[PDB]
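Take a look at this single chain in C-alpha cells; it is the form deposited in one PDB entry.
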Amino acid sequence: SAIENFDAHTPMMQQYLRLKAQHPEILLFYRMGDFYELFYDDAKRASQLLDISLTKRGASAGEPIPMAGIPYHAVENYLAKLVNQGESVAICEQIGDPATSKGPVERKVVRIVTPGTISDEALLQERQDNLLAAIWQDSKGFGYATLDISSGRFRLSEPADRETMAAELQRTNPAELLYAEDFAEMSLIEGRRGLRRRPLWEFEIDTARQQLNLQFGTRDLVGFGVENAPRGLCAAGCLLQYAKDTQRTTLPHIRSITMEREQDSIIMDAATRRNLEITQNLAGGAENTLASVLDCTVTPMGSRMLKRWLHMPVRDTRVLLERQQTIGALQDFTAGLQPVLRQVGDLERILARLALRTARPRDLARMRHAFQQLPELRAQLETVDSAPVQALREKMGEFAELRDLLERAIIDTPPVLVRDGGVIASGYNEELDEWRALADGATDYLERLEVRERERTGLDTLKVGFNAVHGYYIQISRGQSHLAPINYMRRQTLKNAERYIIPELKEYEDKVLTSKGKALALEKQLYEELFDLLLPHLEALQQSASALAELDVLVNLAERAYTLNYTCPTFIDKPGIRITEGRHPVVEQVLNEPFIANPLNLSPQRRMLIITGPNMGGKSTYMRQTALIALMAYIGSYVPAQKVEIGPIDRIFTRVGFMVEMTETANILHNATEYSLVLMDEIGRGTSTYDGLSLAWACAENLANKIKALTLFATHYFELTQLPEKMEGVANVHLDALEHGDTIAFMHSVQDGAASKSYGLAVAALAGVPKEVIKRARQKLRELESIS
C-alpha cells in the first residue's frame, strides 16, 4: 500500500489533491484539456452512477490511478444525473494559460452543484420550489433558515419545539439541509434527502452577523427585523456561508432576509398539512389536492407563490382584505390578463440567473419578451378600479430602455449557448459587423477560387473544402491527382482523393480563422456587457417579477371563485366559524354525484362539537372542509360556501387515529389556545374496553373547560355524546344515516344533536358479515342497551 507523501506525487496529482482536500466528502470534476476527469474513489463512484468506464492512468512509481471522465461539452447532462440522485459536485476549471505555464496550469474550484443551490433551468422543476435550508438546535429551541437561490428569497425563524420544527421542515421541504454537528433531535432529520452535517463554527453568532451585514451592505440588521433573533441568525449565517462557497461569485439578488414569526401566520401542524392534502395527497402524489383544484396560474412563479400561501396563511387583516378586494375587482379581466401574463414566463428565475451571471441567450430573449407584455398589462390594469391592483401595476414597472437594449443586442431567436457565437445582432457593435464582414468570404471567395481553379486546371473533380484537423484544401480525385499543378502542396491524403494547399488559400485561412476568433471573443465581451447594463436595475426587476407572480396568483383565485362558485369570507373579532352551505373544495370536484353542503357554527359558547355518525357517514370530510375553508379564507381567497364569518385562528391541530398518538395529543393540550382550531378524529386508544375512551373524555374536557379552543371532535364512542349534558361549550352534532329496509343510506347531512343510534352492526352487515352473526350481535346489543 504505497506511502503517498507530497513528493511521491506528480505535479498534476499534487495539484489535484490540494483541491480535493477543499472538498473531501464530494465528487470533484477536474478539468484536463477537453475532459472533466475524476480520480481514485470519485472515479469508481462516477463510474457506477454515471454509467461510464472506470479506467487507469500510468505511474512511474507505485500504484496506478483509477480514472473516469467526460468531455467538457457533455457536462450539464451528467450533472443532471448527479443532482437528481442527491449528489454534489465541485467543478474545477483551468484559469491559467498552458503556454505561459511551466508546470500544470492554475486551477480553481469555480462552482459546486448541490441539490439545494441549483439555479439552472435544466436541473429544476418549473412549478415547485427548491430550497436550501439550515437548521440547528439550542438548549431551548431551534433555529431554521431557508434561502431559495434562484430568487433571493431569504427567510429566518425560531420554532419553539420539536413539533413546530417538524411542521416547518414539512412546509419548506428543503432539497438540502445543512445541520449542526451537535443537533440532538436527529429524528426530525434522519431520513431526509440532501442532508449535510456542518461544523459548529459555521453557526457562531458574531460571524453570522458579520457575513449577513457584509452581504446586505449594512452595519446592523435592525431594518430587517432580525437583530432580535440570534438563534435564527446562526442558521442563516451557516446557510449563506454555504451559498457563497457553492457559487463563488457575488450574489446581488440576496439583498434581504425576513423573519417568519409564530404570530403572522396560522401554524398548521404536520398531521394537519397531510390530512388536508394541500399539495401532496396521502399516497404522495399531486392528484386530488387543494392545489390541483385551485392552481391554474399561467406562469411557473405564480404557481410556486400560490403553493407557499396555501401552506402559510397570513393573519394580517389588512393584507387579507386587500387580496379579497383584488380578486373581486379582477373577476372580469381574467380572460384578457391570463394569456398576456403567460408570456411573462418564469421571469423570477431568469433574473436569478442574471444575478449569478449564468443567464444564457434564450434567458435574455425571454426576459426581452417579458418586457414586451408590460405595456399591454399596464393598459388592461389601468381600468381596474382597486388600489391594490394599481400598486401591483406600479410595482410591475416597464423598462422601456432595457427592452430596447435587448432588441438591439440579441437576435430574434438565439442559440442555446454563447460559446458558438451568432447571438449578438447586426448594428449593435460596428467592430463586430466588420469582423463578420471579413469572415463572409465563406459564401463568395471559396466558390470563386474553386471554379477558377477547376476551369484553369481542367480537372473536373476539383472541389474546395474545410476540415477542422487540416484546415482548407483543394481536393482532386485519385485518378486526376497525378495531373495537378506542381505548385500545389500535399496537405492531406485519402483513399480516393488528394487535397492540396497553395499560398492564396492558406492566406485566406489565416484571416478567416483569426477574424473568427476575434469576432467570438468580442461577442462574449459584448454579451457579458449586457449583464453590466442589466444588473444595476436588478432591485426593480425582482420587484417586477414578484409583482407579476402575485398578479398571476390573484387573477387565478379570481377565476376560481367565479368558476366554482365561491363567496367572500368576512372576519370577526372573537373565535368562531359560521359556514352557510360549505363544501369540501377538493371532494366536490372528484365525486361524480353532487356534494351535500352542510353548515357549521363555532363560537366561544359553542366551541366543541362532538360529532357522531356511521363509518362512511362523512365525519372526517366535514372536519377537513372546515380547516380548508379557514385556510383559503386566511390566504385572502374566496371560499367554497354560500357564506362565511370566521374569527382569528392562530394554529390548526390535527390528530387522526400507541405512544405516538398520546404524544401528539399531549402537544395539542400543551400548545392549543382559545384561538386554535383543533381537529381530533376518532382518538383515544386503550388496551381494554374503556381505557382509551376515558382518555378521550378527559382530553375533551380539557379542551372545552381549560383551553377553550374551537374543537371539531369526531368519534365512534357514543358514550361521549353524554358530554354536552356535563360540559359548558360542548354540543352534539351528527351525520344523518338512514336505515330503510336492510341496507343503509349515507346522507352526508350534518344535523344538530347526538345521533339516534350508532350503526356498527349495519356497516358490518353491508360488508357481508353473515346474517346469522348479525342476528346474535343484535341480541347482545339489546342486552347492553338495557344496562342503561
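Superpose the two forms; the largest set of C-alphas matching within 1.5 Å is the rigid core. Residue positions are given as counts along the sequence shown, with the first one as 1.
There is also a form deposited in another entry; it is not shown, and the following applies to it.
Superposing the rigid core between this form and the one not shown leaves a single residue from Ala400, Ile572, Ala74, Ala122 with a C-alpha shift of at least 2 Å: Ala74. When the rigid core is held fixed, the Cα atom of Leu432 travels 2 angstroms or more between this form and the one not shown. When two forms of a protein are overlaid on their rigid core, residues whose CA moves 2 Å or more are considered shifted, and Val416 is not one of them between this form and the one not shown.
Superposition of the core reveals a Cα shift of less than 2 Å for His748 between this form and the one not shown. Legend note: Cα of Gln22 to Cα of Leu212 is at least 3 Å farther in the other form than in the depicted form. With a change of no less than 3 Å, the CA-CA distance between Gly152 and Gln22 is larger in the other form than in the form shown.
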